[PDB]
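Just one chain follows, in the form deposited without the named molecule, and it is written as structure tokens.
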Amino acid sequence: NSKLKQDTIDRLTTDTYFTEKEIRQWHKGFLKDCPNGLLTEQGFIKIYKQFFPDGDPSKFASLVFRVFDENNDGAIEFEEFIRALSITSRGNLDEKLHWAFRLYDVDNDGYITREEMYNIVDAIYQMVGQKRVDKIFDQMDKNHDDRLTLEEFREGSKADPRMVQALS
């Protein structure tokens, strides 16, 4: 039951930056590697694993996997895969910033906490084998309430002059 139907294709050409021919072509590749048409979290991990002889990339992959799976049913189906591919590879600046925020905000309450931050940073190095993170966070955090909204994260990422401190 892994085939691609026209109505799904047509939904996807509307919602993504891919043409029909392109979605079908990415579908072929996806199926080959994922014959059940579902890609598991460990499956995802194996993928990053190719990249880092160093480290355990597993934490980072889990976090990234968590944003990819829209319905949080433990799998990425093709629709979800192609949605995320389209954003991350062809999306505009603001879309990309939104998706980065969703990743940082693990618990989805619309705030990035110091710990929520520290975890992604921790994940990055772990994948690879601190006054600074605090420095960036604190400049972005314009009301100094230990909390980053989407607006603060967007403005700080787009080099609002508040961030000069954070550079050195």
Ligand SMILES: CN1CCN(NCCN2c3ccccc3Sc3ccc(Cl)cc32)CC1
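Between two forms, the rigid core is the largest collection of C-alphas that superpose within 1.5 Å. When you see a residue number, it is the position in the sequence shown, counting from 1.
We do not show the form solved in complex with the named molecule, though everything after this point is about it.
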4.5 angstroms heavy atom contact with the named molecule in the bound PDB entry for residue 128: no
Any non-hydrogen atom of residue 103 within 4.5 angstroms of the named molecule in the bound PDB entry: yes
Partner proximity in the bound PDB entry: residue 60 to the named molecule, non-hydrogen atom cutoff 4.5 Å: yes
Exercise: residue 81 in contact with the named molecule in the bound PDB entry, heavy atom 4.5 Å: yes
Position in contact with the named molecule when the complex is considered in the bound PDB entry, options 34, 64, 117, 136, heavy atoms within 4.5 Å: 64
The named molecule in the bound PDB entry reached by all of 44, 85 and 167, non-hydrogen atom within 4.5 Å: yes
Of 151, 160, 15, 146, the one whose Cα moves 2 Å or more between the shown form and the other one after core superposition: 160
Direction of C-alpha distance change in the bound PDB entry, residue 162 to residue 138 (at least 3 Å): farther
